[PDB]
Each structure stands twice: as C-alpha cells, then as structure tokens.
Amino acid sequence: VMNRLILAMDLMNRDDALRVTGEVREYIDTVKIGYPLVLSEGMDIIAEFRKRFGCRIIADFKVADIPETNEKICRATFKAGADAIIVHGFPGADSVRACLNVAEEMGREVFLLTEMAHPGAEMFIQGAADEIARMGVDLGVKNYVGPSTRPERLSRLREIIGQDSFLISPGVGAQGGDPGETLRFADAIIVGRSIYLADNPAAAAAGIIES
Amino acid sequence: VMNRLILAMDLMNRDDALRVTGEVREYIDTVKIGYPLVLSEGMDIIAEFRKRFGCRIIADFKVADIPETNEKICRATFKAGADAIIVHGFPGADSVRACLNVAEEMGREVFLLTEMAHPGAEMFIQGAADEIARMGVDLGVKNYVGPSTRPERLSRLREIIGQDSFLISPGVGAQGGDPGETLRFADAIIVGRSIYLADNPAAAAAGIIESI
Ligand SMILES: O=c1cnn([C@@H]2O[C@H](COP(=O)(O)O)[C@@H](O)[C@H]2O)c(=O)[nH]1
Ligand SMILES: O=c1cnn([C@@H]2O[C@H](COP(=O)(O)O)[C@@H](O)[C@H]2O)c(=O)[nH]1
C-alpha cells in the first residue's frame, strides 16, 4: 500500500468525501469505505471512487451474519467494484468460509477482523481473538485486521498468522494508536479522523508519513 | 406483531421483493430488511416498503463496529425510515450504548442480537451469549434476538431478559427451527426462505400461521 497508509473515509456526504480523498490521493492509494458513506450515498460510490482516484477499495462492512446472508452481502459488494471486504470472525468458520467462497468466485479478497481496537473489544472479542486468528489460518485466510491500540495484541496476532500474511490496523490517531509502533507489526495502518477531520487533510497525511 | 410473524425479505431485486411482500401482507405487518436488499437496491427501499405496505421495518444490519461508527450507521438507518435496528452485542457495551443513544435521540428502537442460529455460532458466540444478554439488561435494552434452532438456548435467554422484554427469533424453516416450539419462548418468529422461495408465498405464510 502506498506509504503503508490506508484512508478510512467515513464522511457521510459525497462532496466532502470526494474533496478529502482527492486532497490526500498523492499520499495514499488505498481507501477503506464503510457503511457510513455507503448507506448515505449508495453503493455506486465505490465504483465512483475507484475510477476517479484510481485507488484500491476495501469495503469495511464487518460482515457478521449466517453463511447464506454473508454470501449475498459479499456478492453485492464485489458487484459494486470493491477489491476486498472485511469480515468478522466471531460468527464462526462457516460464516467466514461463505465469504471466502464468493471471493474465490469473483477474484477478490477477504480480510478477517480478529480483535477490535475500541475499549468494548475487551469484553468478548479479545478473549476469542487468538482462536479467531487460528481459525483464519486454518481456512486459508491471508489478510487480517488487528488493533493499533494494543500493540502487544497485534504482536500476538502477527505471531499466529505469520510474516507472509498481510495485516492492516485501525485505531491510529483518534483512538490513541501510534503509526510507528503499529507498523512494527502491521503492513499498513488505517487512519480516518486524524486525516479527514483535520483542517488540512493533506498536511495531516504528510505528517503521518513523515513520522 | 401481526400473527407473531415477521418476514425476512432477503431477495435482492426490487421487483421480486415487492411482489412477495405484497402477496403476504395480509398475514404479516412487520418486515425485516437487511443488507442483501439494501446493498442491491439502495436505502430508499426502506421508506418505499414502509409506505407501500404500511408495515414496520426492522433493519437487520448486525451493527458491529466501534462506537463512533455505530452511531453513524444508526443515524443513517433511522434517517432512512427504519423503525428499529439489529445490533450485535459481541463488540461490547460501548458499541451497544452508542446505538441506544442514537435510537433515543431519534425515537427508535434497538434489538440486541445475543446468540445466532447457524452452526458456526457454537464456536464463539454461544459461550458469550448469556453474558451478552445480561449486558443488554444492564444497559436497558428491551428488544432481543435469539435462535429458533436452539430452543434450550432461547429458553435460557428468555430467563435472563424476563417476560417483559420483546424477543424475536430467526432460524425458522430453512435453518431447521420450528414455529410452534420457538413461540413457546419468543414473542415473534422471523421467516425468510420458507416464505420467499416458496412457489406460493401467501400459502406458505398461511400454513405457518395455521401451524401455530
Ligand atoms: O477494530 C476496529 C475495526 N475497524 N475500525 C474502523 O476503522 C476506522 C478507524 O477510524 P478512525 O481513524 O477515525 O478512528 C473506522 O472506519 C472504524 O469503523 C476501528 O476503528 N477498529
Ligand atoms: O442468528 C441469526 C440472526 N439473523 N438471521 C437472519 O434472519 C433471516 C433468516 O432467514 P431464513 O428464514 O431464510 O433462514 C436472514 O435474514 C438471516 O440473515 C439468522 O438467520 N440468524
């Protein structure tokens, strides 16, 4: 990923989202689009971004349903042009396999979310995280998401998945995570608010890269 | 809910979804719309269904993000006209609280998903389910979702949330759950494929209602 930095574009109106993404395009070539923007502006926004900025798009949909529904969600998402989709591992192996099957059929990728970065993640997710990561390895998952806010957990996750797996990590900046420390374990960092709420998003992105 | 039956409308094209929903409207007045339909036809489909069929709409979005993002998802969903939203409890109390705060601000409801009905739910969700339900009670959640496929777990869930809470349950029909047994514990059952993939959805819905 360009500069090992992925922009989390969670603004909810198309004009602001287009403005910020265009301003930071010289620093990042991969954008993570989630439900805040998609449910506000429509799925067509994925193809619009891919074309206008020539960036890879990761759909952060935290897929977390039964197998049959997960398949439908993944198919609609890849039809919309997403290059990859983020899926929760807490619902179990069959739910993750359903996403992997659709990605295989459509020539796309699945990122498995193992542990989340917010405080509430300590209640139930953290205790299941190592097992969720091992499940991913057993299913053949090669792309993972882990927390910038807990580098000791990111280290443990990297250990389970190996150095060959691709690991991206949110929670940098606004949630307290540090870019440099996170990149000791993750291949790329995800940054949203620290860039998109900045008075000068380009300067904020440039600063992160400088750091 | 009318006849204690909620239709899970997971068809992915507007014309088919409109046809089936209209055919079974005399049997059910509450429709659950999820991402399969919304990501295929747009969020405007929620208001269209609400108006066209005069039914309550539950947005089954299995919200499962950090607090800040959950707030945005809930706000966009209620702006689109949904009467309620289904949220996962596994990400923790702060994430659930964020959804409850937006529902309070907008005069809407949050349904907390405690245990899922599919086989994979046994891996991680089941072992956390009782605690997730208790967390819901502690947060003031009054609406819950539990599995038709495991009535013993549904009974345990009803036990934690009390008789005053509203409990709806998917997994009836296609996934193996039984309407009658599920209604021993849930206030309403959710049915998707058994109705929408039937050669005659109205007859399928009518049969379910007669079996209970
Ligand atoms: O454990 C996780 C998984 N995903 N995200 C997501 O990554 C982005 C982080 O944004 P932020 O830089 O503004 O905090 C948001 O889209 C958020 O939903 C997290 O924050 N934590
Ligand atoms: O634990 C859960 C939670 N939600 N659903 C959802 O309820 C519906 C059940 O549909 P079905 O009757 O066709 O199996 C689908 O929309 C599905 O995503 C389940 O099946 N199980």
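Below, chain A is the first sequence line, B the second, and so on; all start at residue 1. As a basis for the values below, the full set of heavy atoms in this structure was taken, side chains included, without hydrogen atoms, waters or symmetry mates. In each ligand, atom 1 is the first atom listed, and ligand 1 is the first ligand listed.
- Considering each of B:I189, B:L7, B:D10, the one bringing a non-hydrogen atom nearest atom 16 (O) of ligand 2 is B:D10.
- Aromatic ring centres of A:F111 and A:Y144: separated by at least 6.0 Å.
- Protein heavy atom at the shortest distance from atom 20 (O) of ligand 1 is A:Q175 NE2, 2.6 Å.
- Between B:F61 and A:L39, some side-chain heavy-atom pair lies under the 4.5 Å cut-off.
- Nearest non-hydrogen protein atom to atom 18 (O) of ligand 2 is A:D65 OD1, 2.6 Å.
- Note: B:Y35 and A:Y35 meet the aromatic proximity criterion, with ring centroids under 6.0 Å apart.
- Checked for salt-bridge contact, A:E105 and A:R75 meet the test: a charged N lies under 4.0 Å from a carboxylate O.
- Atoms of ligand 1 lying under 4.0 Å from any heavy atom of B:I66, numbered from 1 in the order shown and given with element: 17 (C), 19 (C), 20 (O), 21 (N).
- Residue-to-ligand polar distances keep B:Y196 apart from ligand 2: every N/O pair is separated by 3.5 Å or more.
- For atom 2 (C) of ligand 2, the closest non-hydrogen atom of the protein is B:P170 CG, 3.6 Å.
- For ligand 1, none of its N or O atoms has an N or O atom of A:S194 under 3.5 Å away.
- Atoms of ligand 1 found under 4.0 Å from any heavy atom of B:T69 (numbered from 1 in listed order, with element): 15 (C), 17 (C), 18 (O).
- Close approach of ligand 2 to B:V191 (heavy-atom distance below 4.0 Å) involves ligand atoms 12 (O).
- Ion pairing between B:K72 and B:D65 fails under the 4.0 Å rule for side-chain N and carboxylate O.
- Looking only at heavy atoms of the protein, atom 14 (O) of ligand 2 is closest to B:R193 NH2, 2.7 Å.
- With respect to the salt-bridge test (charged N to carboxylate O, under 4.0 angstrom), the residues A:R14 and A:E41 do not qualify.
- Contacts between B:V172 and ligand 2, counted as non-hydrogen atom pairs separated by less than 4.0 Å, involve the backbone only.
- Ranking protein heavy atoms by distance to atom 12 (O) of ligand 2, first place goes to B:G192 N, 2.7 Å.
- The one candidate from A:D16, A:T21, A:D15 that meets the side chain to side chain donor-acceptor pair (under 3.5 Å) condition with A:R19 is A:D16.
- For the pair A:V191/A:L7, no side-chain contact is recorded, criterion being any heavy-atom separation below 4.5 Å from C-beta on.
- In this structure, of B:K62, B:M9, A:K72, B:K32, the residue bringing a heavy atom nearest to atom 8 (C) of ligand 2 is B:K32.
- Residue A:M116 approaches ligand 1 through these ligand atoms, each under 4.0 Å from one of its heavy atoms: 1 (O).
- A salt bridge does not link A:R184 with A:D178: every distance from a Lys NZ or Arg NE/NH1/NH2 to an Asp or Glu carboxylate oxygen is 4.0 Å or more.
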